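The chain that follows stands alone, in the form deposited in one PDB entry, written as structure tokens.
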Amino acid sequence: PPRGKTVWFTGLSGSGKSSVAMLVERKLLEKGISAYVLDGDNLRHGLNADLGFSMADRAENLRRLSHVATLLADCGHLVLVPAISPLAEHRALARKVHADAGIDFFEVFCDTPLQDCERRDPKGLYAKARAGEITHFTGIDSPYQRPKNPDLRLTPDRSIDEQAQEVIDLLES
């Protein structure tokens, strides 16, 4: 089986990473293309349950995810990784792990403004952060460094279904 590839999705909480990743996975599977989603939040309940949201713990979370992604890619899967990845150094590290493993790596920036993410607020975390009930929350009191040159920038200009089709177009180009 030919080696797979990784699509790494960075962005604020509530920017649409997980939604887009899951729809891409569905669209690919339906077409007989093996895809799998390694979602930062879901994996923080198992593999990464020992980690919090300190910058050191986020780096570790993302290091681990990058190695798990290369291994599933080596197996032939198209791997989708929705994780905030707030620091440039976090994306650089993931990119390096992939380079070292000889797996193609695509960076997708879900560029939804903070105001819109907050206006969405699907898990109530922004409201908690602003009330001081959660600390070190990305975009509020923990940094997000915007990617300078992502392979694809998704904006809230179209449906999730269309955004998923743009990721597929990127892969198929």
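So that the term is clear: the rigid core is the largest set of C-alpha atoms that superpose within 1.5 Å between two forms. Shifts are known only where both forms have a C-alpha. Numbering starts at 1 and follows the sequence shown.
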Report the stretch with the higher mean CA temperature factor, choosing between 69-77 and 94-102 on the basis of the entry. 94-102
127-135 versus 56-64 - which carries the larger mean C-alpha B factor in the record: 127-135
Of the residues 48, 142, 34, 115, the one whose Cα carries the largest B-factor in the deposited record is 115
State the tercile, meaning the lowest, middle or highest third, of residue 111 with respect to the CA B-factors recorded for its chain. middle
Comparing residue 156 with the other modelled residues of its chain, is its CA B-factor in the lowest, middle or highest third? highest
Where does residue 165 sit by CA temperature factor within its chain: lowest, middle or highest third? middle
Quick one: classify residue 27 as lowest, middle or highest third of the chain based on its Cα B-factor. middle
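The same protein has a further form, the form deposited in another entry, not shown here; the description that follows concerns it.
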Core fitted between this form and the one not shown: which of 135, 34, 145, 54 shows a C-alpha shift of 2 angstroms or more? 54
Is the shift of residue 44 between this form and the one not shown large enough to count as movement, that is, does its C-alpha move by 2 Å or more after the core is superposed? yes
Rigid core superposed, please list the runs of 3+ consecutive shared residues whose C-alphas all move by 2 Å or more between this form and the one not shown. 40-54
